[PDB]
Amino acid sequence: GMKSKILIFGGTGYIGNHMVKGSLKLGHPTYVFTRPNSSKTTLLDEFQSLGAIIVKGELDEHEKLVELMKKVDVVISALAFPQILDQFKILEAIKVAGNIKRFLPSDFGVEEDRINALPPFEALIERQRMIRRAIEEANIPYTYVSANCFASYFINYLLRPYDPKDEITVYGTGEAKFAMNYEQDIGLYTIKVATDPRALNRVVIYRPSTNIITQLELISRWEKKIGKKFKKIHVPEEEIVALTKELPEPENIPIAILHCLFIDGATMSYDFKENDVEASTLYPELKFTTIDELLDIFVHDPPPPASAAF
């Protein structure tokens, strides 16, 4: 009906699949752009059975992108780091088509316009800033989403629940606060804000009060849930910093991000601005899965671990 038509790039991705499912769950006509050679064949079939329209092609196909843009209203990009500046191909098509009502570039992490990181990570988020500056320069309607930490991803990474080991690695002192959100919710809320007038040309941050914690607190709560105690092994901050300078790329990128997230506490090191919008306060009919609920999920039916591409 009146539902805005949504085009998602990187829909088969780690976080992208949750945006595709959330879009369909909310009854939005959904277009998924995917490479002809993608190995996400079975995932694409699932999307198709849920009602999505699959469009195979390459970002280099300018004409195809323009013709596709003319058929939709909202464009969301969930592409990976290696393709951040490739989003300029998406942006060029949006500019030519001229009918797009909202563009959400691939952020879904830290709020890059208010935080700085070590060189390895700073270079990547500087690219995301370049995208933002171009959007604003062209007066393209947007929404910048800071989803903070992907919860299943980091519960898997930090707690290694699928590992029977007796020790646990802590980065830095482990006292830095951070916020983490369940991927399924990140996906749903992203679709909601992409069409909410309250998020037009604004930064939206996902920071529900029930999802703020520190590494030590997460370990403690997990220990209580499963009835086991771990020996905590800390990796000194100076140690982490040194590695970012000596290790090659892309090996040093994760290290620099670990420093930014769990040592500097970038997802919780700032206060909200006047124009900022915190997503959990937007829909009284929805809520973010809490940390206790998340841990329960890992006790009853834990999701597989993942590793971002660099």
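Each residue number is its position in the shown sequence, starting from 1.
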294-302 versus 10-18 - which carries the larger mean C-alpha B factor in the record: 294-302
Mean Cα B-factor check, 284-292 vs 20-28, entry values; winner is 20-28
Out of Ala266, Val66, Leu59, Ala279, which residue has the highest Cα temperature factor in the PDB record? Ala266
Would you mind finding, among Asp185, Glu122, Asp107, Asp73, the residue with the largest C-alpha temperature factor in the entry? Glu122
CA B-factor placement of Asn139, once the chain's modelled residues are sorted into thirds: highest
Classify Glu92 as lowest, middle or highest third according to the C-alpha B-factor given in the PDB entry, relative to its own chain. lowest
Going by the entry, which third of its chain does the Cα temperature factor of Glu223 land in? lowest
Can you tell me which third, lowest, middle or highest, the CA B-factor of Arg127 falls into for its chain? middle
Which third of the chain holds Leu159 when residues are ordered by C-alpha B factor: lowest, middle or highest? middle
